[PDB]
$ cat work_4.txt   # compact mmCIF, C-alpha atoms
# COMPACT_ATOMS: atom_id res chain seq x y z
CA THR L 29 -2.51 157.21 89.06
CA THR L 30 -5.14 156.24 91.62
CA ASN L 31 -7.19 158.84 93.45
CA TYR L 32 -9.27 156.68 95.77
CA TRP L 33 -8.91 154.44 98.82
CA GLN L 34 -11.70 152.11 99.91
CA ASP L 35 -11.73 150.51 103.33
CA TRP L 36 -15.23 149.00 103.71
CA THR L 37 -16.00 146.23 106.21
CA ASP L 38 -19.23 145.01 107.74
CA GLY L 39 -17.44 145.02 111.12
CA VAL L 40 -17.52 141.25 111.64
CA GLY L 41 -14.20 139.78 112.76
CA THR L 42 -10.95 141.68 112.38
CA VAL L 43 -9.93 143.43 109.17
CA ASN L 44 -6.89 145.70 109.23
CA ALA L 45 -6.27 147.69 106.06
CA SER L 46 -3.44 150.12 105.34
CA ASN L 47 -3.55 153.04 102.92
CA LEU L 48 0.09 152.91 101.87
CA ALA L 49 1.86 155.34 99.57
CA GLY L 50 0.68 155.87 96.01
CA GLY L 51 -1.38 153.00 94.68
CA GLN L 52 -0.30 150.42 97.27
CA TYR L 53 -2.40 148.92 100.03
CA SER L 54 -2.37 145.95 102.35
CA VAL L 55 -5.01 144.10 104.36
CA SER L 56 -4.86 141.30 106.97
CA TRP L 57 -8.01 139.65 108.19
CA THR L 58 -9.10 137.01 110.67
CA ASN L 59 -12.55 135.37 110.67
CA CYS L 60 -14.09 138.23 108.73
CA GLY L 61 -17.70 138.77 107.71
CA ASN L 62 -17.60 140.67 104.42
CA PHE L 63 -15.15 143.41 103.48
CA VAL L 64 -14.13 145.20 100.27
CA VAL L 65 -10.76 147.00 100.43
CA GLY L 66 -8.74 148.45 97.58
CA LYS L 67 -7.44 151.36 95.55
CA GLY L 68 -8.58 152.85 92.30
CA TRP L 69 -10.74 155.75 91.16
CA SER L 70 -13.72 157.47 92.76
CA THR L 71 -15.48 157.66 89.36
CA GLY L 72 -15.23 154.53 87.24
CA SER L 73 -14.80 154.60 83.48
CA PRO L 74 -15.74 151.97 80.87
CA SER L 75 -12.49 152.53 78.97
CA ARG L 76 -10.03 152.48 81.87
CA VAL L 77 -6.89 150.40 81.51
CA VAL L 78 -6.00 149.16 84.98
CA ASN L 79 -2.67 147.74 86.12
CA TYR L 80 -1.81 146.01 89.36
CA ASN L 81 0.82 143.84 91.02
CA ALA L 82 -0.32 141.80 94.01
CA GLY L 83 2.82 141.40 96.09
CA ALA L 84 0.73 138.93 98.07
CA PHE L 85 -2.77 137.45 97.84
CA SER L 86 -3.17 134.57 100.32
CA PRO L 87 -6.75 134.00 101.38
CA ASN L 88 -7.34 131.16 103.82
CA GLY L 89 -10.85 130.35 102.69
CA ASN L 90 -12.94 132.62 100.47
CA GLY L 91 -11.32 135.77 99.11
CA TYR L 92 -11.30 137.47 95.70
CA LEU L 93 -8.92 139.77 93.86
CA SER L 94 -10.87 141.70 91.24
CA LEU L 95 -11.45 144.85 89.34
CA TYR L 96 -14.60 145.94 91.16
CA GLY L 97 -17.13 148.74 91.03
CA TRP L 98 -20.70 150.00 90.97
CA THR L 99 -22.95 151.87 88.61
CA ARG L 100 -26.32 153.39 89.37
CA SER L 101 -29.47 153.60 87.18
CA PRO L 102 -29.61 150.72 87.15
CA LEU L 103 -27.76 149.58 90.23
CA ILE L 104 -25.07 147.14 89.13
CA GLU L 105 -22.21 145.56 91.08
CA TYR L 106 -19.51 144.34 88.69
CA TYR L 107 -16.38 142.19 88.91
CA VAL L 108 -13.41 141.15 86.81
CA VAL L 109 -12.07 138.35 89.05
CA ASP L 110 -8.43 137.37 88.44
CA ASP L 111 -7.78 135.38 91.64
CA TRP L 112 -9.78 133.65 94.37
CA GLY L 113 -9.17 131.35 97.30
CA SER L 114 -11.22 128.30 98.13
CA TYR L 115 -14.33 129.36 96.17
CA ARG L 116 -14.67 130.37 92.49
CA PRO L 117 -17.62 132.77 92.11
CA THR L 118 -20.24 131.82 89.51
CA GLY L 119 -23.74 132.72 88.35
CA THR L 120 -25.77 132.33 85.16
CA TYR L 121 -23.43 131.64 82.26
CA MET L 122 -23.62 134.14 79.39
CA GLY L 123 -20.47 133.52 77.35
CA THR L 124 -16.74 134.11 77.63
CA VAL L 125 -14.31 136.94 76.96
CA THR L 126 -10.58 136.63 76.34
CA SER L 127 -8.49 139.56 77.52
CA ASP L 128 -4.98 140.25 78.86
CA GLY L 129 -3.93 136.62 78.55
CA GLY L 130 -6.92 135.14 80.39
CA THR L 131 -10.21 133.59 79.32
CA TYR L 132 -13.11 134.69 81.54
CA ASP L 133 -16.53 133.17 82.00
CA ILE L 134 -19.25 135.83 81.99
CA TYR L 135 -22.07 135.52 84.53
CA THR L 136 -25.12 137.47 85.66
CA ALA L 137 -26.90 137.25 89.00
CA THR L 138 -29.70 139.01 90.84
CA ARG L 139 -29.18 140.06 94.47
CA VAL L 140 -32.62 140.48 96.12
CA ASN L 141 -32.88 142.95 99.03
CA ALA L 142 -29.18 142.50 99.64
CA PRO L 143 -26.47 144.79 101.03
CA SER L 144 -25.27 147.31 98.51
CA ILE L 145 -23.65 150.71 98.16
CA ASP L 146 -27.13 152.07 99.01
CA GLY L 147 -28.13 149.70 101.80
CA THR L 148 -30.80 147.06 101.19
CA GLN L 149 -31.54 146.93 97.44
CA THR L 150 -32.35 144.53 94.63
CA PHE L 151 -29.54 144.83 92.10
CA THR L 152 -27.63 142.91 89.45
CA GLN L 153 -24.07 141.60 89.33
CA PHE L 154 -22.07 141.42 86.09
CA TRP L 155 -19.16 138.97 86.46
CA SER L 156 -16.07 138.14 84.42
CA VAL L 157 -14.35 135.29 86.26
CA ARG L 158 -11.04 133.95 85.01
CA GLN L 159 -11.18 130.24 84.19
CA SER L 160 -7.89 129.73 86.03
CA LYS L 161 -6.21 131.84 88.71
CA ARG L 162 -3.97 134.57 87.31
CA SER L 163 -0.33 134.61 88.39
CA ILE L 164 0.35 136.48 91.64
CA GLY L 165 3.33 138.82 92.04
CA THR L 166 3.35 139.83 88.36
CA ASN L 167 2.44 143.12 86.69
CA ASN L 168 -1.10 142.36 85.47
CA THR L 169 -3.25 144.48 83.16
CA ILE L 170 -7.03 144.51 83.01
CA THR L 171 -8.24 146.13 79.79
CA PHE L 172 -11.68 146.87 81.18
CA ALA L 173 -13.14 148.02 77.84
CA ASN L 174 -12.88 144.43 76.58
CA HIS L 175 -15.09 143.27 79.47
CA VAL L 176 -17.55 146.16 79.10
CA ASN L 177 -17.88 145.44 75.38
CA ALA L 178 -18.21 141.69 75.94
CA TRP L 179 -20.91 142.36 78.54
CA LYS L 180 -22.75 144.72 76.14
CA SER L 181 -22.91 141.92 73.57
CA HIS L 182 -25.00 139.89 76.06
CA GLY L 183 -27.30 142.75 77.05
CA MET L 184 -25.28 143.44 80.22
CA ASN L 185 -25.28 147.21 79.89
CA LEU L 186 -23.79 149.17 82.76
CA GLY L 187 -25.66 152.03 84.39
CA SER L 188 -25.17 155.63 83.31
CA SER L 189 -24.01 156.88 86.73
CA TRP L 190 -20.54 155.61 87.70
CA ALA L 191 -19.42 155.09 91.28
CA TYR L 192 -15.97 153.93 92.39
CA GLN L 193 -13.76 151.48 90.52
CA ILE L 194 -10.95 149.68 92.37
CA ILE L 195 -8.71 146.64 92.38
CA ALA L 196 -10.34 145.07 95.42
CA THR L 197 -9.52 142.39 97.93
CA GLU L 198 -12.81 140.90 99.15
CA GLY L 199 -13.23 138.32 101.91
CA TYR L 200 -16.20 136.23 102.97
CA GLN L 201 -16.14 134.38 106.29
CA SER L 202 -12.42 133.73 105.95
CA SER L 203 -8.93 134.83 107.00
CA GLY L 204 -6.04 136.03 104.90
CA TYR L 205 -3.29 138.41 103.80
CA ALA L 206 -3.00 140.66 100.72
CA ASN L 207 -0.64 143.36 99.50
CA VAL L 208 -1.40 145.03 96.17
CA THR L 209 -0.15 148.00 94.11
CA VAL L 210 -2.53 149.66 91.60
CA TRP L 211 -1.86 152.10 88.78
$ encode --input "work_4.txt" --output "structure tokens"
Amino acid sequence: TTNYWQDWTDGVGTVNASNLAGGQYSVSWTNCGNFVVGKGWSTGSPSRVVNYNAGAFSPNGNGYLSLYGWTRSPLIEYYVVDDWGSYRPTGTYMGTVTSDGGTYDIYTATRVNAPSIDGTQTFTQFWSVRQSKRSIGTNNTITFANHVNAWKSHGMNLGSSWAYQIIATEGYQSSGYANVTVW
């Protein structure tokens, strides 16, 4: 089961997040800045099989629902995006990976002197973004090892030092409503 609860916001606008029982959380937001809220594990693993059921995911504007986490050395922010609102995230195309019923475009991107888990840093993002939005309200699996191994094939090697790893609701200058259970 999950061991970790993440409730990060940049403080802009209103973001209310609830650490519910077990692997369940909710978040409502109105005119946010940036936030990342979710449940998962304080130490990520490249072979974790993650399951979730989003009882609701209704961004009004830009929001993502993703497997999400960080590694250090090097500093990498990574995503497996299953759902999004008005904006599909993209970067530099590297290939695709097919896993758990979805086909995902793989992207890289550099973030230069940008906010990170260590303040202002230059770091890299590894993205798997589903080509279509996954169904909401269903029990959904993310077999993360498939993404890790697809990324490796394109030289997107994750750092050796693992930080947290969560199914995350992320908003950018938007409003919305999400309720998600993770296991």
$ closest_residue --input "work_4.txt" --among "L:191, L:103, L:170, L:49" --to "residue 152 in chain L" --atoms "only C-alpha atoms"
L:103
$ closest_atom_pairs --input "work_4.txt" --of "range 114-206 of chain L" --to "range 62-70 of chain L" --cutoff "7 Å" --atoms "only C-alpha atoms" --output "JSON lines"
{"residue": "L:191", "atom": "CA", "partner": "L:70", "partner_atom": "CA", "distance": 6.4}
{"residue": "L:192", "atom": "CA", "partner": "L:70", "partner_atom": "CA", "distance": 4.2}
{"residue": "L:193", "atom": "CA", "partner": "L:69", "partner_atom": "CA", "distance": 5.3}
{"residue": "L:194", "atom": "CA", "partner": "L:68", "partner_atom": "CA", "distance": 4.0}
{"residue": "L:195", "atom": "CA", "partner": "L:66", "partner_atom": "CA", "distance": 5.5}
{"residue": "L:196", "atom": "CA", "partner": "L:66", "partner_atom": "CA", "distance": 4.3}
{"residue": "L:197", "atom": "CA", "partner": "L:65", "partner_atom": "CA", "distance": 5.4}
{"residue": "L:198", "atom": "CA", "partner": "L:64", "partner_atom": "CA", "distance": 4.6}
{"residue": "L:199", "atom": "CA", "partner": "L:62", "partner_atom": "CA", "distance": 5.6}
{"residue": "L:200", "atom": "CA", "partner": "L:62", "partner_atom": "CA", "distance": 4.9}
{"residue": "L:201", "atom": "CA", "partner": "L:62", "partner_atom": "CA", "distance": 6.7}
$ atom_distance --input "work_4.txt" --atom1 "CA of residue 55 in chain L" --atom2 "CA of residue 73 in chain L"
25.3 Å
$ atom_distance --input "work_4.txt" --atom1 "CA of residue 130 in chain L" --atom2 "CA of residue 98 in chain L"
22.9 Å
$ residues_around --input "work_4.txt" --residues "residue 177 in chain L" --least-positions-apart "5" --cutoff "12 Å" --atoms "only C-alpha atoms" --output "list in words"
residues 74, 75, 124, 125, 126, 127, 134, 156, 171, 172, 182, 183, 184, 185 and 186 of chain L
$ write_last_selection --input "work_4.txt" --atoms "C-alpha atoms" --output "PDB file, in the coordinates of the input"
ATOM      1  CA  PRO L  74     -15.740 151.970  80.870  1.00  0.00           C
ATOM      2  CA  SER L  75     -12.490 152.530  78.970  1.00  0.00           C
ATOM      3  CA  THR L 124     -16.740 134.110  77.630  1.00  0.00           C
ATOM      4  CA  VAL L 125     -14.310 136.940  76.960  1.00  0.00           C
ATOM      5  CA  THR L 126     -10.580 136.630  76.340  1.00  0.00           C
ATOM      6  CA  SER L 127      -8.490 139.560  77.520  1.00  0.00           C
ATOM      7  CA  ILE L 134     -19.250 135.830  81.990  1.00  0.00           C
ATOM      8  CA  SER L 156     -16.070 138.140  84.420  1.00  0.00           C
ATOM      9  CA  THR L 171      -8.240 146.130  79.790  1.00  0.00           C
ATOM     10  CA  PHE L 172     -11.680 146.870  81.180  1.00  0.00           C
ATOM     11  CA  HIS L 182     -25.000 139.890  76.060  1.00  0.00           C
ATOM     12  CA  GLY L 183     -27.300 142.750  77.050  1.00  0.00           C
ATOM     13  CA  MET L 184     -25.280 143.440  80.220  1.00  0.00           C
ATOM     14  CA  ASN L 185     -25.280 147.210  79.890  1.00  0.00           C
ATOM     15  CA  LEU L 186     -23.790 149.170  82.760  1.00  0.00           C
TER      16      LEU L 186
END
